[PDB]
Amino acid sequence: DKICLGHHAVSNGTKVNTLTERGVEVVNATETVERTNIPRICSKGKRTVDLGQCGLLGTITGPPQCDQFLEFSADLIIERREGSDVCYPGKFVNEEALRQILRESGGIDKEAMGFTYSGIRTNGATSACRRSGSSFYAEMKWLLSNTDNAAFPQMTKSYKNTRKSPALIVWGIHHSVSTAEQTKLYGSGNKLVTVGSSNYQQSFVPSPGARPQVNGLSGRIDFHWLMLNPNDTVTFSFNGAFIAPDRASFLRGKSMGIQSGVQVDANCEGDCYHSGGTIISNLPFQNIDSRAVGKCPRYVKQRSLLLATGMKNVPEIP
């Protein structure tokens, strides 16, 4: 009479690693490194905006591409590669910092700044901002002299942020293709634009000169921005080449922004994104994208790390 103590075993053994052995068979194992990607932006539960052809910074200035998003609201913001911040050729100074701010803004609320002008044209328009006909940035004013080559009067405009949140202020400096064009628009002589706050001080001069044609145009407008503290005031002093703001922007709340090239899905619920889609996983690690954002498993180099969920596999003696 005999009684034996034993343990189960299989022929279906899977290899894992330990401190000592490499490829020691265990009865059962599971993966810890996620590799399964969902090639969509799972947006269920999240108020989502797909900017498409609108560049994120364009939502503040307002090229025609961004007219739907001038006061957008979102929990999830999606930039697209085709997006452009600009109609009339140009770029923002400190662009990325501004992008990072808008990605978590929750969208923007616009408010008029109340600038009034005399002895000056404000209807500066271009063929590059076609809206029905020739037009310009929706939130901005292209100020000219009055007739042609006429002198641009020195002006000083101020705006106080009477709200409890900081105000996002944007202005542009216009660089003509030639000093001949600059004079035709703003008059002769050197041009200066000064922007003063109570924690900010900068200055600007235009740089007329030939540049490669972008959108058929060789001129450039470069945008600058600041955040205005509550009850603080910004003051603009200028005499030409100045692209004035019409409205200020206020951040709505909280959001997250991503860059993607896959469709959106409002059925799937996700919380970790990358340009190629959504990672939904309870696994601690992932090998899909090192730059994935949101609440994600940590990125690792390895495509597979098997965790033993069973004892060492010892085949029965036949």
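All residue numbers are counted from 1 along the displayed sequence. Superpose the two forms; the largest set of C-alphas matching within 1.5 Å is the rigid core.
Q: Once the rigid core is lined up, would you tell me whether 156-164 or 192-200 has the higher RMS CA deviation in 4 other deposited structures of this protein?
A: After the core superposition, the stretch with higher RMS deviation in 4 other deposited structures of this protein is 192-200.
Q: Out of 64-72 and 247-255, which shows the greater rigid core-aligned C-alpha deviation in 4 other deposited structures of this protein?
A: The stretch that sits farther from the shown form in 4 other deposited structures of this protein is 247-255.
Q: Which is higher on average in the deposited entry, the C-alpha temperature factors of 189-197 or of 170-178?
A: Per the PDB record, 189-197.
Q: Going by the mean C-alpha B-factor recorded in the entry, which is higher: 260-268 or 246-254?
A: Result of the comparison: 260-268.
Q: In terms of recorded Cα temperature factor, pick the maximum from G124, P153, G106, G209.
A: Comparing C-alpha B-factors across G124, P153, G106, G209, the maximum falls on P153.
Q: Going by the deposited entry, which of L283, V26, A292, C42 has the highest CA temperature factor?
A: When the deposited C-alpha B-factors of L283, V26, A292, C42 are compared, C42 is largest.
Q: Quick check on the deposited entry: does the C-alpha B-factor of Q100 sit in the lowest, middle or highest third of its chain?
A: Lowest third of the chain for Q100's C-alpha B-factor.
Q: Compare the C-alpha B factor of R298 with those of the other modelled residues in its chain, then answer lowest, middle or highest third.
A: As the PDB entry reports it, the C-alpha B-factor of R298 lands in the lowest third of its chain.
Q: Which third, lowest, middle or highest, does the C-alpha temperature factor of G55 belong to within its own chain?
A: Within its chain, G55 is a highest-third residue by C-alpha B-factor, going by the deposited values.
Q: Please place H224 in the lowest, middle or highest third of its chain by C-alpha B factor as given in the entry.
A: Tercile = lowest for this residue's CA B-factor.
Q: Mind checking which third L217 falls in for C-alpha B-factor across the chain?
A: Middle third.
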